[PDB]
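What follows draws every value from the coordinates through simple rules; no lab data is involved. All Cβ positions, even for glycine, are placed from backbone atoms using ideal geometry, and neighbour counts span all protein chains on display.
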Amino acid sequence: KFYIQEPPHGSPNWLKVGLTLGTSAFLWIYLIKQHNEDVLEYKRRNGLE
Amino acid sequence: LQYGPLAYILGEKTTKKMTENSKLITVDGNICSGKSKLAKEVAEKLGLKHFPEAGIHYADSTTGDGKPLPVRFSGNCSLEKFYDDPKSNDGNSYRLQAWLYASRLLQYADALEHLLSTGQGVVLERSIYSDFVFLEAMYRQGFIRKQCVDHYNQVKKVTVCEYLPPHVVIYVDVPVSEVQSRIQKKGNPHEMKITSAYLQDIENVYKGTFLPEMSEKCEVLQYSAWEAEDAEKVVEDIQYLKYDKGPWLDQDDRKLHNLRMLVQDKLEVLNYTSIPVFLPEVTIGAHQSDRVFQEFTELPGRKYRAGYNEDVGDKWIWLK
Amino acid sequence: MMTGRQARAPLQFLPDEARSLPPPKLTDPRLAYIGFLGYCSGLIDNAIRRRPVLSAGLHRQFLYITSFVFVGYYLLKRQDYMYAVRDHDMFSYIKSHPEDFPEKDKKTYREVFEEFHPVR
Amino acid sequence: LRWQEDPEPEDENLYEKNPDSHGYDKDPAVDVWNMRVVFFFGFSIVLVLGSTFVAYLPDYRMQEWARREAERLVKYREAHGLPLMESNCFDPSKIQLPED
Amino acid sequence: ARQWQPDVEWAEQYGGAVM
Amino acid sequence: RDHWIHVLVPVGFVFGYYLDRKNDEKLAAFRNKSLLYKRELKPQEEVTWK
Amino acid sequence: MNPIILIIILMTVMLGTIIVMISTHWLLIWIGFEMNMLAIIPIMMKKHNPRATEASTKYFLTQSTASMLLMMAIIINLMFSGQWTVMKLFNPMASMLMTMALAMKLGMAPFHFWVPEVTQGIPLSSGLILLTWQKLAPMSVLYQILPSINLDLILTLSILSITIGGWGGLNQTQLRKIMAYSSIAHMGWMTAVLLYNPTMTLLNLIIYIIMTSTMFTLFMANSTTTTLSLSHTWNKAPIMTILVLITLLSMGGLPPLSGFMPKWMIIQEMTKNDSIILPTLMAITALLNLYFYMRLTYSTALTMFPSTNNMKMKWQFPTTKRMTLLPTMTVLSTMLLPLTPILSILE
Amino acid sequence: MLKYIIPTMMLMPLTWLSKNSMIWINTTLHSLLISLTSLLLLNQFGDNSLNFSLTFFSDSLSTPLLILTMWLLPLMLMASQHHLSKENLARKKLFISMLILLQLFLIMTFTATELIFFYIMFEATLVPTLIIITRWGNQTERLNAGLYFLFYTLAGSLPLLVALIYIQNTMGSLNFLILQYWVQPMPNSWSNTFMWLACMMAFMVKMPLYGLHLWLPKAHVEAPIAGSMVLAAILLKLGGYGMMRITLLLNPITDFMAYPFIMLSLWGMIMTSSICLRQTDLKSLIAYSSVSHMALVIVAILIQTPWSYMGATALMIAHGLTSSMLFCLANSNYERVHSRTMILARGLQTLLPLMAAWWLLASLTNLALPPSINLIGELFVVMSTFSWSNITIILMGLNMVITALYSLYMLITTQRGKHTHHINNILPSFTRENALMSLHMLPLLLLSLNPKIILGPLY
Ligand SMILES: CCCCCCCCCCCCCCCCCC(=O)OC[C@H](COP(=O)([O-])OC[C@H](O)COP(=O)([O-])OC[C@H](COC(=O)CCCCCCCCCCCCCCCCC)OC(=O)CCCCCCCCCCCCCCCCC)OC(=O)CCCCCCCCCCCCCCCCC
Ligand SMILES: CCCCCCCCCCCCCCCCCC(=O)OC[C@H](COP(=O)([O-])OCC[N+](C)(C)C)OC(=O)CCCCCCCCCCCCCCCCC
Ligand SMILES: CCCCCCCCCCCCCCCCCC(=O)OC[C@H](COP(=O)([O-])OCC[N+](C)(C)C)OC(=O)CCCCCCCCCCCCCCCCC
Ligand SMILES: CCCCCCCCCCCCCCCCCC(=O)OC[C@H](COP(=O)(O)OCCN)OC(=O)CCCCCCCCCCCCCCCCC
Ligand SMILES: Nc1ncnc2c1ncn2[C@@H]1O[C@H](COP(=O)(O)O)[C@@H](O)[C@H]1O
């Protein structure tokens, strides 16, 4: 060891890292799904298919 | 953080662990009163946690690897040079006194944090309530200026008011002659230069200013040099105290929660130790401060926050 | 200005007619600038807590980028919608009021006399 | 007295620790490579190839063209008896004056 | 020769009740 | 690569140069349509510039 | 304070402002202001010293007087219109009284005389609530009554606020009074464009709330309330000097920062309405705000004031304070000008 | 113009990811590569400007200022790396980042197609310059110099903001290419008088105009060497660039609005040059000479003839190189004697002969020795002002006496006479310093071979 006291960020908060990566992955797949739904709705409303 | 308002909401009340043996006890006495064992003796009979008296390198012990930092990074002050030259030009006297006051403030914050987090009482040696008795004993010897006493009083007025006093103050009666005898038997070549008038002023501000004002806000105990040798009599006197004074009695979970949120935020504790009062004994110029700060950052385990240093072997930094 | 337009359908961030519009691309340079703002927020968050700036908490930096791109995409959608509503109202008002917007007879410069100011 | 201040540091001489110094850096390898970078990418690249580039600009702002084109037009109007230049830039037939 | 940085005299101007 | 830092500025040129070319195709409304330079396209030619 | 009680009281502050924002009846407007004042009084007395009680007394007296003038404006509206719809007012006397009451609530000059006192008397978090959240409800009421607001009154209040908030901050060393006179000047800028384009009023309010929240969050993270303690930041946390530098250069409105964004847009809407003298004099008066911002940046970032010895102890402890949204608010308050046409989302 | 903007921005990760001994070499190398790439902007035509996009365009006015701007960054890095050697590494990278950011703001200041984007970049250049002066300046008065540099400029420029938004609301656009064709004549009214003042006074401050020049013999003096190089060589020329863009819209009122300001320069260049006869501070002498040279550019832009604009843009480029070299020479002596007092270190040709040859060359270019482009710009301005009014040759010719008389006095006081006895730290000329002097002087001498590239859009 090095430290006389164990720091609060000596070890990664694996629950928080998992929530971070899962929330980021969910927001990316929801963004891509929203964008595909939007371009499909634009092509349907304006007749470009 | 580990403790916060959310922990206070989710059931962590500090009076669930505040038992009868959760007493903050301070041992006081002159420079070679022999109280340094007595404190530990009380801390090994009541089951309390003993904090040794904070020197220059107390903050060095609590942070980093716990080893003492070089003196330019912590202190910038020498107790031995104070013993050699008390009336020095560079102002080592008041700089040493202000650093020791900030060190005792950090120690008192640590002691209240341990008391309010574990419910175990703490034995201290010369807490912040008994630090001014050195300052006056320097000022009555002409070792420091009146402006240094004014700076100390401003810092103490805005810092000590945010804390609770101890439960027990154990004072040790050792006269100036026996103090000098134990100094000469100690054989420290710097400490043997201490004058009679300085020890007499330490005893005078002990008996005439400190102990009368702590007699209202706690229960002071006073022992001579030989009746302090029997620790069991002291522990018998402690365990049969009928605590009826001091502001510990009107402390609910909310006030002690505010106090615990204070004493775990160390920069908030040390907020007013560096007030912008420009005094030549404590003011460091910009070039020396820049140089010493950039040298402090290059120390191992000191460049980043504690879990974020590869040079001491921290792992998983890319996921923290 | 346009507060009477979005008052019959209140508190709608993107109305249904906004779906008639082409949405911003994922390679929209405005959206890439908002992602850069997320990356800068990640670097400042490492700097203020004294972490290594580029290395520490890549999951946190990536959530910063993801959150700014996620909010900024809908903000750009609403931006394009409000300018589309602005121009639609403008063109419908010009069409419904021809007497206020006549076609100006454009004269060529053979008729148009301009006063010559000599620089000497 | 006055506060705790570091004294004025003396000025360093780069020639003491390195008499071959080019004055870029106190490390001699860094100093010599900074010299080579400045001299190559400044003189060998920007000055020489830059003056070569500027020397062979493809008719910078079409001046040479305008000479040669003028050599057409004069040859067209010395031959056809026309004046070398009209005082009117535009045809007076295609101009409406404001009447008075 | 080194850069000027503010002294106590400069800094006490910014430390009164008013400017 | 041991000297990957020496391609940050050059590729940042080339990519930037690329975008300028990509910009020019968005400003091609009058390509071969100006009154000064309009003409008929040569065989095996689809645009007059890029 | 009990943290549950703190949460319920802050939710009641938010509830009062939201009730002002969503209601269609003037009595519920007045009720939202009463609930807002009643709940924000314990936030100002959080530390229980005589300056907080003096500040809360001054705040109570000014907001109570404004609430009574607001109810008199409402009651005169009921006289001359027989109804209660939160819309334009149907009497110039009720319009004047409501504009005066909202100027007292916002602390616009010459009703500004409570703002640098009260902000000085209270902590930094309660000063942040007072200078950001307490603007939202009166600016909403001013947003909804602008077909009845007198032009001469609103522009008099605007220019008097901008000039007095410019000259007031030049004499200060306390940071909270600097932010309070900055508040007075920025509320002048918001109300000067209200009758011309209230979307730019909302833009200026949002950019101001972002920049003020950034500066109060920096002052809380460094525990500095004075200029001369803010000047110790370089020896404690050198990144915070960079952040206060870029945020104070933003609040002065220097391009290419985002605080140039509102005032420029305000000028962009005041010259369309054939007012040239007024936004020019406003822009020249904002140089005073930028002057004392530059004074703070010279004290903090661009020079190094002398520090003390005990600072060396604080080098061994990292900041445990929750610096909530500080990188986000720092990025938004500086690098948002290339996204200036996002403002159409406020239409 | 994005092929120059993106390399300038990639200089930021190039300097923030370099090794601690490598941040000068890498930035110098790649900024010299950007400066080599800058010559592609010489695709100019006799009729049409090089119009890249809706946002960026470059005629033959912006092009030499762009080449000079992109060339000045490596020279500033060479000039500034010695006195920042003991500087902290992160503050060193912040200094380099401010110079990179200033180059970035300038190269899209000069190519701004639309005028409010020109204004945003034009005023965005204040913040890195302010930070460089007030953070890496040497003396106490850098803070006051930063205040003067900020607050003359903003007091000038905020009426310019109001006036440009007025042009936007009236003409419908602030595209310069549109305003070449939709420009309406500006008649005589008081409204158009203050329109003219609001469009001109910001650039009058930035040139600087005499009487408004007071920020400059502080801001050029209290700055570090890279700050003085970019202030003298580029940042004064934003005023002349903006005047040449904005006086299109200000006709024909300019023909009687120019009369006071022309006087303010035609007398002012007599005054400041005379002031250079009695300057004890060498760096202040170079500052007042910069005011004296830019007064001719002010006259040449206000009289708005083709010879005047050609001489004005030639004199802007020539003065950029000359004043940048003069400040670098003054710094090369300040790094030895640690005082800017000109009478202190004398007789330096006995001690530093090649550096005294550089002093001679920069003095000869300062006094407009033919066929240098200093004399080309000087001469064309004198021709156009003689055609303006024949009497002005007096104030021209008298100027050309005094311009010689301080240029050689600066050469005689510093380099000639007996050397000072008690000064003994006069090191030989470093290779970096002579490289800096040559990278100023050799382009300034090669441009006499082909001066047509620095003669503006109406060569
Ligand atoms: C594109 C290809 C172009 C090729 C041709 C080059 C065109 C001009 C380029 C630049 C020329 C000057 C560079 C050398 C002088 C500067 C350094 C110095 O002093 O070194 C002394 C040193 C010799 O002295 P030393 O004994 O070793 O030590 C010096 C002592 O410490 C102390 O020494 P000191 O004080 O006893 O002696 C210094 C003395 C001082 O001499 C004077 O003060 C007398 C000069 C002024 C009065 C007389 C001339 C007046 C004007 C008439 C001439 C121009 C027009 C002529 C045409 C007919 C009429 C139209 O300097 C000279 O005599 C130099 C002769 C040439 C002078 C040129 C005019 C400079 C005067 C100021 C500006 C005048 C208006 C602009 C004219 C621009 C013409 C293009 O020279 C060298 O070692 C030479 C170094 C390498 C030179 C490279 C030249 C080219 C640079 C560009 C590179 C990229 C393009 C590739 C071209 C490569 C060509 C090979
Ligand atoms: C430019 C704006 C920013 C300013 C700063 C720029 C700094 C960055 C530098 C980038 C690279 C350099 C750019 C500018 C280059 C200028 C030089 C250049 O290109 O010149 C082209 C000029 C072009 O001349 P030209 O126009 O006649 O060329 C004819 C055109 N072609 C070749 C296509 C047919 O080149 C020459 O003149 C070369 C001729 C031979 C070399 C010169 C010989 C005579 C010179 C004097 C010798 C001594 C005589 C006696 C003296 C006695 C002692 C005093
Ligand atoms: C560096 C310090 C000095 C800086 C000097 C800056 C320039 C000096 C003059 C600026 C005047 C103010 C901006 C004018 C903008 C003109 C735009 C326009 O369309 O004008 C026509 C408009 C005309 O109105 P209109 O165009 O809407 O009307 C239609 C047209 N007519 C008139 C025919 C019906 O002018 C105005 O409305 C007023 C112009 C004058 C404004 C007078 C107030 C300011 C006085 C000078 C202040 C100078 C700086 C003060 C600070 C000094 C340092 C602290
Ligand atoms: C058209 C617009 C409609 C409305 C849109 C939304 C408007 C939002 C306006 C935001 C107003 C924020 C008001 C302040 C926060 C309120 C809660 C609070 O009091 O937080 C402070 C809190 C107190 O903790 P304490 O321990 O007392 O701290 C003192 C030290 N012991 O904790 C602390 O001290 C922690 C330190 C950091 C606190 C930072 C808080 C920042 C909040 C503002 C974010 C920016 C605004 C949102 C984005 C833009 C929206 C327009
Ligand atoms: N002003 C002071 N003068 C002398 N000693 C001091 C002072 N302040 C704190 N001390 C400490 O108090 C110790 C004496 O207590 P003891 O632990 O009994 O030796 C000394 O050795 C010092 O470390």
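Sticking with the crude label model, points 7 Å out along Cα→Cβ, report the distance from D:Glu71 to B:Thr118 in nm, one decimal please.
10.1 nm
Under a Cβ-only charge scheme (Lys and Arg +1, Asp and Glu -1), can you give me the dipole magnitude of chain A about the Cα centre, in debye to the nearest 20?
For this selection, approximately 60 debye.
So who's got an amide H within less than 5 Å of the one on H:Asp281, skipping anything under 5 residues away but keeping other chains? H placed 1.01 Å off N, in plane.
Placed amide hydrogens put H:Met342 under 5 Å from H:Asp281.
Can you tell me which of D:5-14, H:440-449, E:9-18 comes out highest on packing, and rank the rest after it, using the mean Cβ neighbours within 10 Å?
So the order, starting with the most tightly packed, is H:440-449, E:9-18, D:5-14.
What is the dipole size for the protein assembly as shown, taken about its Cα centre, with +1 at each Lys and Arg Cβ and -1 at each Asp and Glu Cβ, in debye to the nearest 20?
Dipole size: approximately 1240 debye.
Could you grab the relative contact order for chain H? Cα pairs under 8 Å, six or more apart, rounded to a whole percent.
Once divided by the residue count of chain H, the mean separation gives 16 percent.
Hand me the GluC sites (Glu not before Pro) from the stretch D:14-86 located in a DSSP loop with no more than 13 other Cβ atoms within 10 Å, in residue order please.
Sites meeting the loop and neighbour criteria: D:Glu86.
Provide the FRET efficiency to the nearest 0.05 for the H:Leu405-D:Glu64 pair, computing r from the beta carbons and using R0 = 30 Å.
Using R0 = 30 Å, I get an efficiency of 0.10.
Calculate, in nm to one decimal, what H:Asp281 and H:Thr140 gain on full extension: separation in residues at 0.36 nm each, minus their alpha carbon distance.
49.2 nm is the gain from fully extending H:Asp281 to H:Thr140.
Using the structure shown, list the pairs from B:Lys13/G:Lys47; B:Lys40/B:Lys217; B:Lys217/G:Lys236; G:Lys177/G:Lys321 with a Cα-Cα distance above 27 Å, or answer none.
From B:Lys13/G:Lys47; B:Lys40/B:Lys217; B:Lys217/G:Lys236; G:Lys177/G:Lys321, over 27 Å: B:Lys217/G:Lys236.
Express the relative contact order of chain B as a whole percentage, based on alpha carbon pairs under 8 Å and six or more residues apart in sequence.
Relative contact order for chain B comes out at 26 percent.
For chain G, what is Rg from Cα atoms divided by 2.2 N^0.38 Å, rounded to two decimals?
Cα Rg divided by the expected 2.2 N^0.38 Å: 0.99.
Per residue of the stretch H:85-91, in order, report the coupling 6.51 cos²θ - 1.76 cosθ + 1.60 (Karplus, θ = phi - 60°) as ³J(HN,Hα) in whole Hz, putting x for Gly and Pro.
In residue order, the calculated couplings are 6, 7, 5, 4, 5, 6, 5 Hz.
Name the long-range amide H neighbours of H:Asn51: under 5 Å, sequence gap of 5 or more, or other chain; modelled H, no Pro or chain starts.
H:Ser58
Let me know the volume per residue of the alpha-carbon convex hull for the stretch H:1-158, in Å³.
Here the figure is 110 Å³ per residue.
Using a cut-off of 14 Å between alpha-carbon atoms, which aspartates and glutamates can reach H:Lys237, once sequence neighbours fewer than 8 places away in the same chain are excluded?
Result set, ordered by chain and number: H:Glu123.
Whole percent per 10 Å bin, from 0 to the bin with the longest distance: what is P(r) over all C-alpha pairs of chain H?
4, 22, 33, 27, 11, 3, 0
Please give the FRET efficiency for C:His117 paired with D:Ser44, using the beta carbon to beta carbon distance and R0 = 60 Å, rounded to the nearest 0.05.
Efficiency for this residue pair is about 0.70.
Using only the alpha-carbon atoms of the stretch G:1-144 as identical scatterers, what base-10 log of I(q)/I(0) does the Debye formula give at q = 0.09, 0.11, 0.19 Å⁻¹?
Ignoring solvent entirely, the Cα scatterers give -0.27, -0.40, -1.08.
Which pairs in the list B:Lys266/G:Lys105; B:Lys37/B:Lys242; B:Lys146/B:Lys255; B:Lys67/H:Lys93; B:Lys185/G:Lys312; B:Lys157/B:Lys186 are over 30 Å apart, alpha-carbon to alpha-carbon?
Correct reply: B:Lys266/G:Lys105; B:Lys146/B:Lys255; B:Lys67/H:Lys93; B:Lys185/G:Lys312; B:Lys157/B:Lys186.
Would you mind calculating the relative contact order of the stretch H:118-201 from Cα pairs under 8 angstrom and at least 6 residues apart, reporting the percent as a whole number?
This gives 29 percent for the stretch H:118-201.
Which value in nm describes the separation of the simple spin-label points at C:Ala7 and F:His6, placed 7 Å from the Cα toward the beta carbon?
Distance between label points: 6.7 nm.
Based on the Cα coordinates of the protein assembly as shown, what is the per residue volume of their convex hull in Å³?
Spelled out: Cα convex hull of the protein assembly as shown, divided by residues, is 225 Å³.
Which ³J(HN,Hα) values, rounded to whole Hz and listed in residue order, are derived for the stretch G:96-110 from phi using the Karplus coefficients 6.51, -1.76 and 1.60 in 6.51 cos²θ - 1.76 cosθ + 1.60 with θ = phi - 60°, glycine and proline given as x?
Couplings: 5, 5, 6, 5, 5, 5, 6, 5, 5, 5, 6, x, 7, 5, x Hz.
Gap in Å between the Cα centre of the stretch G:276-347 and the Cα centre of the stretch C:106-120?
When both Cα centres are located, 52 Å separates them.
Where the centre of each part is set by its Cα atoms, how far does the stretch G:195-235 sit from the stretch H:147-186, in angstrom?
Between the Cα centre of the stretch G:195-235 and that of the stretch H:147-186, the gap is 30 Å.
Given the rule -39500 (n - 2.57) for each run of at least 4 DSSP H residues, summed and divided by the residues of chain G, what is its mean residue ellipticity at 222 nm, to the nearest 500 deg cm²/dmol?
For chain G, the value works out to -22000 deg cm²/dmol.
For chain C, what's the radius of gyration and Dmax over Cα atoms, in angstrom?
When restricted to Cα atoms, chain C yields Rg and Dmax of 24.7, 73 Å.
Of C:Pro15, C:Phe36, C:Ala84, which is farthest towards the positive pole of the stretch C:1-97's charge dipole, taken about the Cα centre with +1 and -1 on the beta-carbons of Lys, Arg and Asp, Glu respectively?
The Cα lying farthest towards the positive end belongs to C:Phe36.
If you line up the Cα atoms of chain A on their principal axes, what length do they span on each, largest first, in Å?
Result, largest extent first: 69, 14, 10 Å.
Of H:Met355, H:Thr109, H:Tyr459, which is farthest towards the positive pole of chain H's charge dipole, taken about the Cα centre with +1 and -1 on the beta-carbons of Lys, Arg and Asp, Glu respectively?
Towards the positive end, the residue furthest out is H:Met355.
To make sure I understand the rule: partners must be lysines, Cα under 25 Å from the Cα of F:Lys42, and not fewer than 8 residues away in the same chain. Which ones qualify?
Excluding near neighbours in sequence, the set is F:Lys22, F:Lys26, F:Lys33, F:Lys50.
Rounded to the nearest 20 Debye, what is the dipole magnitude of chain F about its Cα centre when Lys and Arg each give +1 and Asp and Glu each give -1 at the C-beta?
Taking the Cα centre of chain F as origin, the dipole is about 220 debye.
Please list, in order along the stretch H:65-81, the HN-Hα scalar couplings obtained from phi with the Karplus expression 6.51 cos²θ - 1.76 cosθ + 1.60 (θ = phi - 60°), rounded to whole Hz, x for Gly and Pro.
5, 5, 5, 5, 5, 6, 7, 6, 4, x, 5, 5, 5, 6, 5, 9, 7
Work out which chymotrypsin sites (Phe, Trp or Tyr not before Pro) in chain B are exposed loop sites (DSSP not H, G, I, E or B, at most 11 other Cβ within 10 Å) and give the longest gap free of them.
B:1-225
Under the rule that an exposed site lies in a DSSP loop and has at most 13 other Cβ atoms within 10 Å, name the longest stretch of chain H with no trypsin sites (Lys or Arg not before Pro) of that kind, not counting the sites themselves.
It works out to H:87-277.
Below 18 Å, Cα to Cα, which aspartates and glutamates can B:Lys16 reach? Residues fewer than 8 away in the same chain don't count.
Excluding near neighbours in sequence, the set is B:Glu113, B:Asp250, B:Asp252, B:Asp253.
Cut-off is 10 Å between beta-carbons; in what order do C:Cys40, B:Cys218 appear when sorted fewest neighbours first?
C:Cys40, B:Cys218
Just to confirm a number: summing +1 for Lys and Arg and -1 for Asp and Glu over residues other than H:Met410 whose beta-carbon lies under 14 angstrom from that of H:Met410, what do you get?
Taking every Cβ under 14 Å from that of H:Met410, the sum is +4.
Which listed residue (H:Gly146, H:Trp267, H:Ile165) has the Cα farthest towards the positive end of the charge dipole for chain H, taking +1 on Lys and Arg C-beta and -1 on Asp and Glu C-beta about the Cα centre?
Comparing the listed Cα positions along the dipole, H:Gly146 ranks first.
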